[PDB]
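Chains as they are written, first to last, in PDB author numbering: chain C, 2 to 335; chain A, 2 to 335; chain H, 3 to 335; chain E, 2 to 335.
Let me begin by presenting the structure, written as structure tokens, before commenting on it.
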Amino acid sequence: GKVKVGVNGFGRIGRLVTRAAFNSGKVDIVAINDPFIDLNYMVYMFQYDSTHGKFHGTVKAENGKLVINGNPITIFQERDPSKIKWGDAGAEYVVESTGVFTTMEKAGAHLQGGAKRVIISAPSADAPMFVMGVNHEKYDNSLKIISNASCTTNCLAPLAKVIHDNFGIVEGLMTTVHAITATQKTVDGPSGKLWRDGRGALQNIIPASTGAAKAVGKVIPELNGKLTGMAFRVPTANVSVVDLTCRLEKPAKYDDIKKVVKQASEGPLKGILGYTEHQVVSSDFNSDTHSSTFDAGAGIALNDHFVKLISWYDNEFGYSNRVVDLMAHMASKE
Amino acid sequence: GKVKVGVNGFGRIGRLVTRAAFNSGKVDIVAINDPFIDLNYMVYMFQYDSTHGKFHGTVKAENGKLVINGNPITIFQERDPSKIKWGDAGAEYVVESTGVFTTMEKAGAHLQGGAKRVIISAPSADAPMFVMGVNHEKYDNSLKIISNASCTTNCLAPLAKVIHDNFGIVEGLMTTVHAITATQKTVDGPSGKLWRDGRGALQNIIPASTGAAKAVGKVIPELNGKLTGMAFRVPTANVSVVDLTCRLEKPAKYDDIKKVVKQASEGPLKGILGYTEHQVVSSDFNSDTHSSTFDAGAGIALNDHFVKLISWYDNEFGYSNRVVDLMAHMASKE
Amino acid sequence: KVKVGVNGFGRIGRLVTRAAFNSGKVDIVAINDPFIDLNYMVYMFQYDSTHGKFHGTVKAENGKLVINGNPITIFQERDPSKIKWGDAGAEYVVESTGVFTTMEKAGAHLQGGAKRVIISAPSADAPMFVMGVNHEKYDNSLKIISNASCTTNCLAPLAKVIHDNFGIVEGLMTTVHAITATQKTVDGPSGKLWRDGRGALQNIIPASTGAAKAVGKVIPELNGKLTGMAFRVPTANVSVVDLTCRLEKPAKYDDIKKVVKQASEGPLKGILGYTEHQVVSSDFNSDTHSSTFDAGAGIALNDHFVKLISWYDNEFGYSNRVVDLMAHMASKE
Amino acid sequence: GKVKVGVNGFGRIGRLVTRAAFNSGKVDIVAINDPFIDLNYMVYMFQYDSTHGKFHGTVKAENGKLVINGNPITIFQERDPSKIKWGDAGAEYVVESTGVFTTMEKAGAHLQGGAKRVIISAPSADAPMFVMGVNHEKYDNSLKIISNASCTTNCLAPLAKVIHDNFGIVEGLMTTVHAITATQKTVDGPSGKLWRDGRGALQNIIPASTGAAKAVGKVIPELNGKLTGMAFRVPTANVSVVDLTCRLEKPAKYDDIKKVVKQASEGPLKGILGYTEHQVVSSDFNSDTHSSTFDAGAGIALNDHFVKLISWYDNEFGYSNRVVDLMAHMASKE
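Okay, structure coming up:
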């Protein structure tokens, strides 16, 4: 009944998509490929997690397989994705989570080994991009290689959809205050392509470029060219926040914005877009599976046409659960 | 001789204004009041600083006085500011740095003990407010009680002045990503008036309200009612950044904004407004005495009339040096 | 079963309340805190940066704090002798403010109708207990007792097993401790303990602690044989003890592992844990053990001189031991 | 200040040895090899430092050379250390700072390119190991490949020397509470050989093995087999502390220990072993060039034969200055 899934890469996204699949029970993980992490080490990395705690259940290495809650998973150690025998392991969909095979040409290598569909758990320069709750109904059975966009695009797009649908976004500029990530360094070190990103992550607020706001214009075509932004990386291990400053076409009193976001969080976007009026801080969203949670108290309006809206996101758990939800949606359309 | 100064409070601002006074030599500190920090403890707190390093000169306790670089300072321990005998110590100007006597009525208590003028090192609901380089020439000898605004207003106002003078700010919304402060808590604790501020400072990104952007409209009267904003407190010990999203009246290409800001930093705002095109991060501004440093590479434009401008500020050292600069300017007008 | 009142809604008071609402060992019926009003108590109990959102419901209703539908009377008294514990029905009181730790000061709660007081901190003169080590020495004549500190509850179960099997001739302890509420975010005033005022995020801070000396009161045979100190480091929770000790009988490191594992699997089950996994501090977040021996982290110089490592969630282990001590006291009435 | 030096690796040790060489003027850096960091990036990494601040001087790229304070430095980009043309660049001594060529066989590759002597800025399994102030007089001109031990061994050995010389160490066990390092990860990531070291550095206290205490037994042969220990990595960017628990041969009152350590710090170990009775914390040692600073107030004695001694070390700046001091000592004996 559940679609069988293969995961390429056991980095942060790969492990948390695997954890979301077992926690939610929406899909069945049957294979994992990682050429640099051996089976005994995969048991340790999956079982203990500094951010989300110990896995609830059992994890062990048995007969060359990773056995999670009694379910044996085939382990591959291939550097070339076209050589992974996904079909022999029974993996129908493959989550491409390494971050280095994000074009349709590179991600398509998984079809050579027998996968039926590939979900890139990152932005893609050319694959169709989806955000659950915003454009997932535009998915169709002819699309064999798709992208789930980024964690930041999944936070901004549901909020931008509600605001644009009700008031019309003339233009917007976004800032994301983002938790540290695996690409950063503990102390000042080499990052040849992005010099600021090499600076010590524990000591600094680091400005960074991000295509997340521009990507919202691809998922919501009416907002193409109307949004852009940037990021600041700060020394917190997890949970990030979006700050969208936008100009509205129709007048919107701040209480009217709260009303429409609250009603959207209770209907078609339930579990995707959250809403709170509580005095929350980032740790209150630790392991929260929403893509975006509107913080009513934190935002501020200058006038009825110019406002700053705040939305929280667990950049690890929200996104990993959306990858699983996208695959469950795809399976329902077969 | 140089103006003789009394400092009320030996907290973070009081100690760093004392440090800036002795390092710049622009004024002479002759008295310090603090009811909770005794003399031997003041020596220790002034000598060692986790953020700015050990004091460059000498500091010791001798015959009941705090002696800095051979200069003896009378120490008072009064809870009620109207009882501090400033005149008996020779203090002419008093820096009111406790944060709890910020109205002209409360700060005016220092005139009862013999002070001639009082400088509130914080925003005031009613005192005239100044930002060096923006409106300090509006100071006159009839003003006995004034405010130096906040560190954040001193960062935003010089940048907003240059942008408004050249292109005209129709409206703007600001976010400041701010380093932790003394009012925050190490672990979740009580903060009855501001619940989010009680949450653990090391673990969280904390939204906070700030009147800094609205205060720029008092310092630059043409911007009254055209700016507002909010803050996020993040776990860094020092150095903060302003993110101003504004709508411009005249078209401004991003290279034209860079040209205008660079010219201001090299001329009338030299030492107040800095400019950089380097790949900087927050630690690069540790102990930097500018009020604001425009980060050309970090900002982003959506179009010629809607842009996001970034400016760094050492929230401790920039502001403490501006308090001394303001007092030196006031003394020159006597 | 026993009805309890909590004095103070700081970190220990809230987490003792949270632990009490994880089982039915005790029932919280009253809370006193003159500085935190009812609506703020709802917020502070509901959201916790370290241990996550409370799993149940929490709301203010008719002037009472209602947790999982169970109402609690709220008092706002600065003087402990004035709290009306008896009128609320509180038989035992957890004295968690940290400022009424002598038997004279903690005894003020008996004036309001409480039968027994449990000081959730070390006391200069009250009998001190550590569950699993000397709780069987508790007697119905003791109306005011102390549950020692989180650090003493980590060291004492391990020191008991080591001393029982090999004999501790002498020991020196270091605890690498997570930040606490008494610390400061940036360099600020701490008149009595100057190093503790220095910015907690920026520094490793040495600190004095009577925890190792207190083990000698809990285990009388170790009186005068242990002392130590602490380093506060910038982590929000979870701490570790490092006990360097000289043993009377020779003990190979595998023999130490065997006796600690045996104690964890039987008589000290749920109090002293044992692991051979490649653990780090976050692996003990919200772990309710008092002490978890880290077999891989320790090191022996020889059969008589070793360094033993044990982890403790300084918030959750201790708060659960306060509740366990009260359940034990109730079984003895 | 006359031996010409080549530096292999421009990681944190390589950059800080280069900074110490120009700050002290004791040696002349003439060449640097790093195959992954190009010239323009070396300028940036050397100029800005999150921990120690901006370089005091000038640094530019000119005609393919890195020019520091007007001194041109030849830049090599060789992966194979036997192919670096040290002799052609005039480099007489080579600092091997990559951490991957620490045996005499591997470090000996620099002799193929014309270097006369090699100093491994890390522990070596077989090279002679030195600690300035403890055994540097045992260096002789027949030793072409030597090691300067580790930052932790340089902290413990000067203190252990004074304690052993005066009271005799029967046995000792050390714990070092260590700042984070470049080998750690920002979030839980792969560290196949040392699993605990892959866990998120910002979130955890991490136990780690270290041969530093055992290495003191090689630098002070009388202590061979009498010391061992372990480490805890904690989330601070720099500055570490040693905690030595030792049993003494002769009785020693804690005041006698303070007296002999203070005397050593004022005489033969001046600049190597420091001494303080102040209420210090780790940030008070930021950029401190001592190898070890005894903290009199932090330690504790159980009795006259069993004590815990505490000593601070700036793990970056102390050690980098000792590498330069060792090379200036070797140059003086040529």
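The beta-carbon is built from N, C-alpha and C at its ideal position, and this holds for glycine as well.
Under 8 angstroms by Cβ, that's how I've got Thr290 (chain A) and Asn239 (chain A) pegged, so tell me the actual separation to the nearest angstrom.
Rounded to whole angstroms, the Cβ separation of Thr290 (chain A) and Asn239 (chain A) is 13 angstroms, and the two are not in contact under 8 angstroms.
Identify the residues that DSSP records as bridge partners of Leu274 (chain E): which are they?
According to DSSP, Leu274 (chain E) bridges with E:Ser293.
Can you tell me whether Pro159 (chain E) is buried or exposed? The criterion is at least 16 other CB atoms within 10 Å of its CB, across all chains shown.
Classification for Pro159 (chain E): buried.
Cα-Cα, which of C:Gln264, C:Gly272, C:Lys271 and C:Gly300 is closest to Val281 (chain C)?
When each option's Cα is compared against that of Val281 (chain C), the closest is C:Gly300.
Check for me: the alpha helix (DSSP H) holding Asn322 (chain H) runs from which residue to which?
Note, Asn322 (chain H): alpha helix (DSSP H), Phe318 to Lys334.
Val282 (chain E) at chain A interface by Cβ criterion, 9 angstroms
With a threshold of 9 angstroms between beta carbons, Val282 (chain E) makes contact with chain A.
Is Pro208 (chain E) buried or exposed, if buried means 16 or more other CB atoms sit within 10 Å of its CB?
Buried, by the Cβ-count rule.
Closest by CA to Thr154 (chain H), which one among H:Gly199, H:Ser241 and H:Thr237?
The residue with the shortest Cα to Cα distance from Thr154 (chain H) is H:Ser241.
Taking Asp257 (chain C) as part of the beta strand (DSSP E), name the residues at either end of that continuous run.
Per DSSP, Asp257 (chain C) belongs to no beta strand (DSSP E); it is in the alpha helix (DSSP H), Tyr255 to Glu267.
Please go through the same chain and pick out, in chain order, the residues whose beta-carbon is closer than 6 angstroms to the beta-carbon of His330 (chain A), but skip the five residues on each side of it.
Around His330 (chain A): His137.
Determine the chain E residues that contact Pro236 (chain H) at a beta-carbon separation under 8 angstroms, and present them in chain order.
What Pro236 (chain H) touches in chain E: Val235, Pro236 and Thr237.
Could you spell out where the beta strand (DSSP E) holding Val8 (chain E) opens and where it closes?
Going by DSSP, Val8 (chain E) is part of the beta strand (DSSP E) stretching over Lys5 to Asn9.
By the criterion of Cβ-Cβ separation under 7 angstroms, what are the contact partners of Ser51 (chain E) in chain C?
Contact note: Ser51 (chain E) reaches chain C through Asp189, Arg200, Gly201, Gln204 and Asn205, using a C-beta cutoff of 7 angstroms and chain order.
Proximity test, Cβ basis, 9 angstroms: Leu174 (chain C) and chain A
Yes - at least one Cβ of chain A is within 9 angstroms of the one on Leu174 (chain C).
Could you give the C-beta distance for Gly10 (chain A) and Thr99 (chain A), rounded to a whole number, given that I count them as a contact under 8 angstroms?
In this structure, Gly10 (chain A) and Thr99 (chain A) form a Cβ contact; the two beta carbons are roughly 4 angstroms apart against a cut-off of 8 angstroms.
Strictly by DSSP, which residues pair up with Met231 (chain H)?
Residue pairing for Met231 (chain H): DSSP places it in a beta bridge opposite H:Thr176 and H:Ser210.
Using a Cβ-Cβ cut-off of 9 angstroms, state whether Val178 (chain H) counts as contacting chain E.
Output row for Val178 (chain H): interface = yes.
With C-beta atoms as the reference, is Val96 (chain E) less than 9 angstroms away from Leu270 (chain E)?
No; because the gap between Cβ atoms is not below 9 angstroms, this pair is not in contact.
Looking at C-alpha atoms only, which residue of H:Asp256, H:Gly298, H:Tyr255 and H:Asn316 is the closest neighbour of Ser284 (chain H)?
Selected option, being the one with the closest Cα: H:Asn316.
What residues in its chain sit with their C-beta under 7 angstroms from that of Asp189 (chain E), if we drop five residues either side in the sequence?
Within the same chain, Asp189 (chain E) has close Cβ partners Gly199, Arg200 and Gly201.
First and last residue of the uninterrupted alpha helix (DSSP H) at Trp87 (chain H)
Residues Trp87 to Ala90.
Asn34 (chain H) - DSSP class collapsed to helix/strand/coil:
Strand.
Residue nearest to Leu203 (chain C) in terms of C-alpha spacing, selected from E:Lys186, E:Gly218, E:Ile258 and E:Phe131:
The candidate whose alpha carbon is nearest that of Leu203 (chain C) is E:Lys186.
Determine whether the Cβ of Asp285 (chain H) lies closer than 9 angstroms to any Cβ atom of chain C.
With 9 angstroms as the cut-off, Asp285 (chain H) counts as an interface residue toward chain C.
Helix, strand or coil at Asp198 (chain C) according to DSSP, with G and I counted as helix:
Note: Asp198 (chain C) maps to helix in three-state DSSP.
Where the alpha helix (DSSP H) containing residue 361 (chain H) begins and where it ends
The structure shown does not extend to residue 361 (chain H), since chain H is modelled only from 3 through 335, so no value can be given for it.
In this structure, does DSSP put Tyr94 (chain E) in helix, strand or coil?
Three-state result, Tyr94 (chain E): strand.
Which residues, taken in chain order from the region 251–267 of chain C, show a beta carbon closer than 8 angstroms to some beta carbon of chain E?
So nothing in the stretch comes that close.
Residue from A:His306, A:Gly169 and A:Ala128 with nearest C-alpha to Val220 (chain A)
In terms of CA proximity to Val220 (chain A), A:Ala128 leads the group A:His306, A:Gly169 and A:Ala128.
Does any residue of chain C have a CB that is nearer than 9 angstroms to the CB of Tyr45 (chain H)?
Output row for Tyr45 (chain H): interface = yes.
What residue range does the alpha helix (DSSP H) around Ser25 (chain E) cover?
That run of the alpha helix (DSSP H) goes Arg13 to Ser25.
Can you find the residues in the same chain that come closer than 7 angstroms, C-beta to C-beta, to residue 1 (chain C), ignoring five residues on each side of it along the sequence?
Residue 1 (chain C) lies beyond the range of chain C shown here (2 to 335); nothing can be said about it.
Evaluate the contact criterion for the region 173–184 of chain C versus the region 110–122 of chain C: three or more CB pairs, one atom per stretch, below 8 angstroms.
Verdict: no, contact absent.
What span of residues does the beta strand (DSSP E) with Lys61 (chain H) cover, start to end?
Secondary structure note for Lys61 (chain H): its beta strand (DSSP E) is the uninterrupted segment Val60 to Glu63.
Mapping DSSP to helix, strand and coil, what is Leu40 (chain A)?
DSSP places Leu40 (chain A) in helix when its eight states are reduced to three.
Using the beta-carbon of each residue, which ones in chain H are nearer than 8 angstroms to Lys5 (chain C)?
Those within 8 angstroms of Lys5 (chain C) in chain H number zero; the least Cβ separation is about 31 angstroms.
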